[PDB]
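# Test case, fold it:
(chains A, B, C, D, E, F, G, H and I, ligands or ions: 2)
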Amino acid sequence: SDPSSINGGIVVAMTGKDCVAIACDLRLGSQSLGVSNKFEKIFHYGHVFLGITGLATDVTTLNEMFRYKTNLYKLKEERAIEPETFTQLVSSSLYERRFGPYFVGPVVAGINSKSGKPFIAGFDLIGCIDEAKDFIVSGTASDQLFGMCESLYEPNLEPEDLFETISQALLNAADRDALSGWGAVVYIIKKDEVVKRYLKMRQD
Amino acid sequence: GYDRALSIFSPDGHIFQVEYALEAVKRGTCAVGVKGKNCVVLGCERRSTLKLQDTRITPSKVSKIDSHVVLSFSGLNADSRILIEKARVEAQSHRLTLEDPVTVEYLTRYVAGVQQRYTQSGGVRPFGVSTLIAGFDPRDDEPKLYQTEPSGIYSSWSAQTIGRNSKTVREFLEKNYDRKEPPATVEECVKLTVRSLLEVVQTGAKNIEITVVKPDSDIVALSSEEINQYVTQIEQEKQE
Amino acid sequence: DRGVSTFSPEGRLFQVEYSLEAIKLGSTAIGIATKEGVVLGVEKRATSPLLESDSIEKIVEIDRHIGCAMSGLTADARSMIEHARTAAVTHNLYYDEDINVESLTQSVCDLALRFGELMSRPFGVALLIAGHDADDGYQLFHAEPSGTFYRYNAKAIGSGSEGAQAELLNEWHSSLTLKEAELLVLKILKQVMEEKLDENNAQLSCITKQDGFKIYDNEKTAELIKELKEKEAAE
Amino acid sequence: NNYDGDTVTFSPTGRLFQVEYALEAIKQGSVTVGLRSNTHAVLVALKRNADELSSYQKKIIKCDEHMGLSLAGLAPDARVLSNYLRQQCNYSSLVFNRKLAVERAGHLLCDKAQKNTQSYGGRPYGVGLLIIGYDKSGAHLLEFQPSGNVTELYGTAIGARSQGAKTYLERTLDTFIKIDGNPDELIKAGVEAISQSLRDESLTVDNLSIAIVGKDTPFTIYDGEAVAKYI
Amino acid sequence: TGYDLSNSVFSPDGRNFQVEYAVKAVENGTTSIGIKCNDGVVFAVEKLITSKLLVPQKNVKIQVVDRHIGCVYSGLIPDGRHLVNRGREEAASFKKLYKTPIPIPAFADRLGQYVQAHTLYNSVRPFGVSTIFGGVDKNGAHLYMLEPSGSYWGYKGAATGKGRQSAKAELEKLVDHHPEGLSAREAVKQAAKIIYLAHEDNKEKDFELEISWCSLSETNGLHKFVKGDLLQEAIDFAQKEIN
Amino acid sequence: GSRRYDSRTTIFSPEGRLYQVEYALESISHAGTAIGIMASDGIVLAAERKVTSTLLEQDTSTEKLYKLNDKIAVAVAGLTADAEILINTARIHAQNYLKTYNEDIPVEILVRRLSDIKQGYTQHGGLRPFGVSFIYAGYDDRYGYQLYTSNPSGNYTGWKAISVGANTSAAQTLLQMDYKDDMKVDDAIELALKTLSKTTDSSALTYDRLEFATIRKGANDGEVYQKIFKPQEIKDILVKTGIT
Amino acid sequence: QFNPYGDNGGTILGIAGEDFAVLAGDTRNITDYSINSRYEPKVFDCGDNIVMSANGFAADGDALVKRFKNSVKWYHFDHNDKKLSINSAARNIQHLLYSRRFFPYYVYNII
Amino acid sequence: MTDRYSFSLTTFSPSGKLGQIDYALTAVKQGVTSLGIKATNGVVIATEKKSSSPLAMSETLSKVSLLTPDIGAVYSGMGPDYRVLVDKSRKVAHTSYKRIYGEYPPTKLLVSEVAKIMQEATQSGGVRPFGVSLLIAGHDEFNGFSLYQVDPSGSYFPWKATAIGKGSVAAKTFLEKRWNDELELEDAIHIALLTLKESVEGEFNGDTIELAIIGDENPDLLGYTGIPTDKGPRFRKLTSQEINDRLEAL
Amino acid sequence: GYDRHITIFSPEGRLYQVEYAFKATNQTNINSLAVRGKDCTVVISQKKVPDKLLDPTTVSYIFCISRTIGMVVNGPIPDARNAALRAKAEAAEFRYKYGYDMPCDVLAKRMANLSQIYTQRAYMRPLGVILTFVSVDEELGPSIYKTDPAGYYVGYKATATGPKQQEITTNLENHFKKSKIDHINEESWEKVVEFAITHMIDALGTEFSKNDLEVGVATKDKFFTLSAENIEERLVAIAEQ
Ligand SMILES: [Cl-]
Ligand SMILES: [Mg+2]
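Residues are numbered from 1 along each chain as shown, chains lettered A, B, ... in the order given. Ligands and ions are numbered 1, 2, ... in the order given. Take a look at the structure below.
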């Protein structure tokens, strides 16, 4: 019944030293039933990355919507949108549905191309921004991710160290949630290179 | 909203805007329709003032309204798109509500009704377009060929032409087309359609388009070489 | 320019008077009412020999007991016929009965003056509405774009109207049979038509209480034409 | 001239030509006569035909059991205005259980016609009406002009050659007003009045149209052999 | 030129010729007047008897708004009725919201704004009437006169129509000869006289006199028509003065 | 009323022409010449800026060549302000199609529609038409490289090479002469610039009086790249082809 | 909560003969256990030799009869004083009733 | 009532001219001279305060207007038309941008929105074109400093320097000789004052001249402290005294 | 020549309907004047009651828009009242929405914007009036702001409007050229009214009785008009020195 927990899923993002990381599970379900193990929840618009948890139809709908809006932004501005600006666009677009909201938990991750500063942010379903320095969590295992991130995270981690921290936070949180798992993906993001790694995890 | 009455009567009982819409049709490229015993052929002129054209992507003169009905026209090109779109929407709407494809007579009556509506509606001008609508009714082997015009009147024709120099090709068809014995085959029907256009067209190269429609949704457009063979045979017989 | 609903100094609506000129250019239509039925006949007037004449539909069914012939800008008649048919059938829905010919005619004429700056101009077509009901029997009406309708024993509209009306003045009497009326319409049509009258360029129809509204076949009309020629040659 | 293109334009002398042209349509229309006593009110109308095969255009329309009118000019405009009266008479009955006063019916027609004379796009009504009725203050006769002017009268006439009938009624004023409790004699005076407006043609059985309303008489129309008595 | 063909168009003078043409329709109409007295107002009007067939005392021209305001006008009669219908709507909405009956100055502006609105667009025609109106409110008696342009002022006496000059001259004499004021019953008598004197400009056809009044003492501040003996007394006084 | 002042923008002449469309075309004939040339391996768009000034900031300027999406571009001839209204509608459009079908919009579908909008202004509404002619250069996987034009009438046609704006009569003759079907982009670039150089009303054709763009499959492997040329890049290609 | 319906009781009876018909009904009007009126007419002459009675909720019954009487009046105006047949009246009443299909007239009707 | 002018009042003539736009440009020509010059580290916009009466307080009438903290505007032509355009330009900067992206629009996009409004008045029903030409100077992070002209047609062009109105032809010639790509802001202000003196007849001082700049951030004009990233508006209107100081070194 | 009937541009770039609306302004043949004191703003206007039948108390071109703002109009009374009613509505709406009294200059701008719309939109005609708004603003002090049919508005040290505005304008110009200040250096408003009347007398060259003038005075937190007897007292003080 609860739209935020029908399909299940999780997203987590972390900052490092001159880098960010964003990760998600691959599960899509109908409550107890597992339907897909290839439902990626992370999308990118230029160099800005967006992870979305919650109701899958709204996840898909919002992706197509932000693709729409960022493509027009670029044609008019003659430049790619930045994370700080995109974060405001997400907030705006969610609050315009204040009394009929998208049942989602978005997470923005990216590096400002000009300043070089790593940036992450999270939202509630109606646009309240959570701009954090350390990490952002979202999904059905958000409580689990908070416990892992808060204990495992330390500032100024290098990309290859940050990878291990975010991966372990995700994996162990997912294994304590019935509605999350069935695969996992981690994006490691630097100012001009991005690596994407699929993790090996238990498939139950 | 803009409500101005543009189409109105004049002292002598004429609606000039509807009559001036017919002048736009007179300017348009020639289009011809000929129905045989078991088929209908639609011929269309392409003015050769425009070369360096990309014939792959250029809007074709004959348009499919459904799988069993086609529509050609003479007059303003942009106006014709609006009629064709409406006709296509209605064709699907008819299938959706009555579970049968439109008859050629029904589709013509709809298109003609749209044209008429634009002759007594405020803020709009008449369509500068006359159409030839051809095809076969579902589960029927009798050929159908109708004509419409800006005023909204429509009628069925054994053979008919519209557009520039249509007076000349109609003259040709009136003496060559026999009702008691129409073109028995596809060849005879296409040949007569090409012959009629050769009275007006100029060159028989890329200026003539032909589209054959047969029963049971069998519609095909002839190529340049196939048409050129008809042009060759006609003139070789003429040299005598 | 000038308003569409403007009065002339003589007290007439310019647009209504101009629409009447368009009707004079239209093909001839004749109606004759008798005690055995009402006959309706029209000139088809094909613009070319290649035009399949049977597709020319200038006589039209409104209901089983009401028919209609037209003259002028015939494209304008389609929405009037549509309204008439809807009115006739809607009344059958609400009242479980046939609708009076006068009431139907009145419903059509209510559209006439709904023009201004609603539609942008008056209709450019006149209608002969013929029918039968239990109250007033066999009736023939002439519906104009002015919104006025007159009942007639016999009436001609179109290009040869005043010549035909003068002929209908002399020929009509209250004891006419249906067969006599059929021949009389054919006689007058043949007189005012440009081309020679035959079964392909002219159409007959009638409305009787028993059989209702019927458009005549070309084979049936052809015999009535042949019957006419012989009776004119008889004296 | 330059000020007759639409109804929204005054002339330099303060005239409204479109309204005056609408008034002209009434003068072209067939004659109709109205007159009343203290007990009854009568309408007499000369109907017009297109030709010998045609019927005679109806001139009188019933609005309620106690009210109705005769027309002169554009008949479709009379149908619109009479329909409006029918609705207003009916609104008064359904809401207030009250028969509409004839004077108030005139005020409503005046106000409806006026809106058409002050606004752009529309046109004035091209018809004149003679309304008769019997209400709580007795018998009544009204004359409606499409300018908006409505006038309560003892008797009157409108249409072509209406001046002849109007003069007759002006002489007969003292006589016909006293015709109380006698409907046939009041109609006779009306038929004799409309006869003063005739030339060439005379009153035949399918030509004449009469209507009456009174104290214990609902609004009824007489046509055909029902008016042969008065010829 | 062409500036007079359309309403709401300024001429090179700065004039609205269409409104000036509407005034010509007012000047063509019958005479109507208003007289402000000690504790109220009196309205009177000339009704031309076009024919003997006109029923006497039936075609009433003076109209009441609410229960305390009287309105009379000269020119196009339907335009006046339209204006009064609006006045009644304005008065009804005022009382609905504010409880108290509409004050006369407040009412005057409601009409003024409405008439003025019909000089702002070419899609409407100006009003073909000058309207004399007034009554009694909490602050006493008020008399107003409103032109086609939307212009209105307060008046001691007012007159409009074909016999306005004759009337105005007579009103000016009353103002001079009665600085302390005029009584309500006197004003009715004087009103009758002025209409009779103003009838010399419409002397072809005979006429019918119609008078109304609002007075704090005589009518309890309510609008009433002058009827019966009081009307006949005023007619007799008027007939005596012309002879 | 208001009827007095209505120009009646959507009516036929006695000859059956649309007055305003014809007059809009007359306006466009005074606009800077724009040329499109389609090759086997790409498309070229060339256009002439109108009598510029030395104080005009060229590198941030855009009056002729606009980007509709990653695959489709347009050259403008006529009122720039009118063109931008239509350009933004076309951009929203391509995005609506992409959101609905999850595929890039076919070129013709985008063209047909801008042309349908233009058509509407000639048939209803009582408004003046858009005084704009477009040359559409685009690519999709159905027809490959495509050139279209649309004008204020709302009529559109496909081309191998085409010009709009000023001196189209002279420009079309020169293109018809030197164009061949087996032509390549580098050759088409040269043809476009040579044609402008001969048809221009200016004394000489320089980098500051030109806007230039190409659509090439000359992108790393099976994909398409749009290149809007910079002022310095236009200056280089003018020297390369041997015009300056 | 506001209940827009009520029950005014009463009973009606229609019997058809060979060349006649009767429509009877009691004259009592009630709410709950109280009597409102001992004589409140419930059967009406609607014109054209038709009698009608709407039994149940009096306010809806009075409104329907009032509307049908009005329908008869306009049938005369629109169709040249033609007599409304009983079968035509019945069909007309169906459309009056079904026009409020989603907020019904709480009455059983007999003509 | 109702607005019954639903048809265009600007239409193409047989020659292809849009008459009302041409006539609007003629109204701009009659208007008082205004100019704009772009420097390396700023932009300057200037105009004459043509006072209608000496009793009128010319300080209350502002020809140079702030649109956003980093964008300013000046005009030539009809003043009332300019005033309403500034009101709409200020509002559209919020509704179509700031309320969406949480930041002020870049110069070119705000100009684009203003241009759109002026184009619509050239095609929509029952309206005339705006009788003004705007010069819009501004700064934004990714485009730097910029100067745009916007005409009655809705067309806009970026300029290094330009002038509009009464003596624009002479003023543009003057600017062509003096302008280079290495100008500092103070040099541009000096050139602006020289250029503007040629078109002015009467008094030439800080009280008769209106001049503003887009330059460095003004933290003193921000109104609050505590947020490092908020450094204040780049738009600044020069005072009467500040102008007179630079007229002594003229 | 339909470019002279509606508000569209002529070939010269002019709006003739706006220019003709300016000419309607002087149709009443009345001259007005406005000046500022230290604590007050005074506005005077000629009063002409030609007809003896008129109630002179109702003849007025000065309006009380709000408690603080007063307005004098130069132009025909129907348009004047149209503007007055609108300004009153706007001033009231402003206070309701924004929680403080509408300033004089803000109201002037708002009315000027409305006037601008009539010069651009075709269906609406310009009002043939010039509106002079006066108050003692809580931020700006004594204030005079004037609006015209073109949609133009500006603040004033002093101002004059009417057929003989130029004569009054120059008279005021010459006074402020001597004193070298932007106002009338006077404590009481009574003496500022006396200044206003005196300088109108000198400029127009006509003497005034109590019924020939109409005076409006703006002080802190209220605007009010003077009665005939208040003006008489003012005229007596002028004559006695
Ligand atoms: Cl505003
Ligand atoms: Mg499991």
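
# Only C-alpha atoms from now on, for both contacts and neighbour counts.
Noted.

# and after the longest strand that chain G contains, which helix or strand comes next?
Longest strand in chain G, counting residues (DSSP state E): strand G:50-56. Where DSSP states H and E defines the elements, the next helix or strand beyond strand G:50-56 is helix G:58-78.

# still on that earlier bit, hmm, the longest strand of chain G touching chain C?
No - for a cut-off given as CA under 8 Å from any CA of the partner chain, strand G:50-56 has no contacts with chain C; the smallest distance is 15.0 Å.

# mind listing what's buried in that strand?
The neighbour-count check on strand G:50-56 (16 or more other CA atoms under 10 Å in any protein chain shown) flags G:51-56 as buried.

# any idea which element the closest residue to residue I:158 other than its chain neighbours lies in?
Using CA to CA, 6 or more residues apart in numbering or on different chains and skipping the chain neighbours, the partner closest in space to residue I:158 is residue I:35 (4.5 Å). Per DSSP H and E, residue I:35 falls inside strand I:32-36.

# Pull up the pairing partners for that strand, direction included.
strand I:41-46 (antiparallel), strand I:158-161 (antiparallel) (DSSP bridges).

# quick one, what contacts the nearest residue to residue I:161 once chain neighbours are set aside?
For residue I:161, ignoring the flanking residues on the chain, the nearest one in space by CA to CA, 6+ apart is residue I:32 at 5.1 Å. Neighbouring residues of residue I:32 by CA atoms under 8 Å, 6 or more residues apart in numbering or on different chains: I:43-46, I:72, I:74, I:160-162, I:165.

# re the thing from before, quick check: angle from the longest strand of chain G to helix G:58-78?
Orientation check (axes from the mean of the first three to the mean of the last three CA atoms, to 10 degrees): strand G:50-56 against helix G:58-78 gives 150 degrees.

# Residue H:183 and residue H:40 touch, don't they?
Yes - at 5.9 Å, residue H:183 and residue H:40 qualify as touching, with contact defined as CA atoms under 8 Å.

# When those two are compared, which one has more neighbours?
Ranked by neighbour count (other CA atoms under 10 Å in any protein chain shown), residue H:183 and residue H:40 place residue H:183 first, with 18 against 15.

# measure that one to residue D:99 for me?
According to CA to CA, to the nearest Å, residue H:183 stands 92 Å off from residue D:99.

# sorry, back to before: tell me what the residue nearest to residue I:158 is bridged to.
Residues in beta-bridge contact with residue I:35 (DSSP bridges): residue I:42, residue I:158.

# Which strands and helices lie in contact with the strand ranked longest in chain H?
Secondary structure of chain H per DSSP E: the longest strand is strand H:132-140. Applying 3 or more CA pairs under 8 Å, 6 or more residues apart in numbering or on different chains; DSSP states H and E, we find strand H:132-140 packed against helix H:19-30, strand H:34-38, strand H:43-48, strand H:71-77, helix H:79-93, helix H:107-120, strand H:144-150, strand H:209-214.

# May I see the buried residues of stretch F:3-17?
Judged by neighbour count (16+ other CA under 10 Å), stretch F:3-17 contains these buried residues: F:3, F:5-12, F:16-17.

# scratch that, stretch H:59-66
H:59, H:61, H:63-66.

# Any chance of these in TSV with secondary structure and distance to chain I as columns?
What follows is the buried residues of stretch H:59-66, written out as TSV (DSSP: H, G, I helix; E, B strand; the rest coil; distance: CA to the nearest CA, whole Å):
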residue	secondary structure	distance to chain I
H:59	coil	8
H:61	coil	6
H:63	coil	12
H:64	coil	15
H:65	strand	15
H:66	strand	17
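
# With chain C in mind, check whether stretch B:188-204 reaches it.
No - Stretch B:188-204 lies out of reach of chain C by CA under 8 Å from any CA, never closer than 14.3 Å.

# returning to that earlier point: mean neighbour count for the strands paired with strand I:32-36 - can I get that in CSV?
Shown next, in CSV, are these (neighbours: other CA atoms under 10 Å in any protein chain shown):
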stretch, mean neighbour count
strand I:41-46, 27
strand I:158-161, 26
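
# Quickly find the element holding residue C:138.
Following DSSP H and E, one finds residue C:138 within strand C:137-143.

# tell me what that strand is packed against?
Using 3+ CA pairs under 8 Å, 6+ apart as the contact test, the elements touching strand C:137-143 are strand C:29-33, strand C:38-43, helix C:101-112, strand C:125-133, strand C:149-151.

# before we move on, back to that, out of the helices and strands packed on strand H:132-140, flag the one nearest chain F.
Of all the helices and strands packed on strand H:132-140, helix H:107-120 sits nearest to chain F, with 6.1 Å by CA to the nearest CA.

# Check which residues of that closest one are buried.
Neighbour counts using 16+ other CA under 10 Å place H:107-108, H:110-120 of helix H:107-120 among the buried residues.

# For the longest helix that chain B contains, which outside residues touch it?
Counting residues, the longest helix found in chain B (DSSP state H) is helix B:77-98. Residues from elsewhere that reach helix B:77-98 (CA under 8 Å, 6+ apart): B:63, B:65-66, B:71, B:73, B:100-102, B:107, B:110-111, B:114, B:127-129, F:115-116, F:119, F:153-156.

# Which residue or residues pair with residue F:133 through a beta bridge?
Counting by DSSP bridges, residue F:133 forms beta bridges with residue F:77.

# ditto for the one 5 residues further on
Beta bridges link residue F:138 to residue F:72, residue F:146 when assigned by DSSP bridges.

# Give me the neighbour count for it.
By the criterion of other CA under 10 Å, residue F:138 has 29 neighbours.

# Kindly report the same for the one 10 residues further on.
Residues within reach of residue F:148, counting by other CA under 10 Å, total 26.

# what's the answer for residue A:101, then?
So residue A:101, with other CA under 10 Å, has 14 neighbours.

# Not counting sequence-adjacent ones, nearest residue to residue F:210?
With sequence-adjacent residues excluded and distances taken as CA to CA, 6+ apart, residue F:210 is closest to residue F:48, at 4.7 Å.

# Relative to residue A:139, how far out is the residue in chain A positioned nearest to chain E?
Nearest residue of chain A to chain E (CA to the nearest CA) works out as residue A:99 at 35.6 Å. Computed as CA to CA, the residue A:99 to residue A:139 distance reads 22 Å.

# and residue 59, what is it in contact with?
I went with chain A, as the question did not name one. Residue A:59 neighbours (CA under 8 Å, 6+ apart): A:41, A:52-53, A:104.

# wrong one, I was asking about chain E
D:151-152.

# what separates it from chain H, distance-wise?
32 Å (CA to the nearest CA, to the nearest Å).

# On the three-state scheme, that residue is what?
Counting by DSSP: H, G, I helix; E, B strand; the rest coil, the backbone at residue E:59 sits in coil.

# So what touches whichever helix or strand residue C:90 is part of?
Residue C:90 belongs to helix C:77-95 when assigned by DSSP H and E. Here helix C:77-95 makes contact (CA under 8 Å, 6+ apart) with B:113, C:62-63, C:70, C:97-99, C:104-105, C:107-108, C:111, C:123, C:125, G:87-89, G:91-92, G:95.

# mind listing what's buried in it?
Judged by neighbour count (16+ other CA under 10 Å), helix C:77-95 contains these buried residues: C:77-81, C:83-85, C:87-89, C:91, C:94-95.

# Show me which pair in these is furthest apart.
Using CA to CA, the two most remote members of these are C:77 and C:95, lying 26.6 Å apart.

# nearest to residue E:53, of the buried residues of strand G:50-56?
So of the buried residues of strand G:50-56, ranked by how close each gets to residue E:53 (CA to CA), first place is residue G:51, at 45.9 Å.

# Show me what that closest one is bridged to.
Judged by DSSP bridges, the bridge partners of residue G:51 are residue G:45.

# so how far is residue G:65 from it?
From residue G:51 to residue G:65 the distance is 10 Å (CA to CA).

# quick one on the thing from earlier: tilt between the strand holding residue C:138 and strand C:38-43?
Using the same axes, to 10 degrees: strand C:137-143 against strand C:38-43 is 40 degrees.

# Report the angle between strand C:137-143 and helix C:101-112.
With the same axes, to 10 degrees defining the directions, strand C:137-143 sits at 10 degrees from helix C:101-112.
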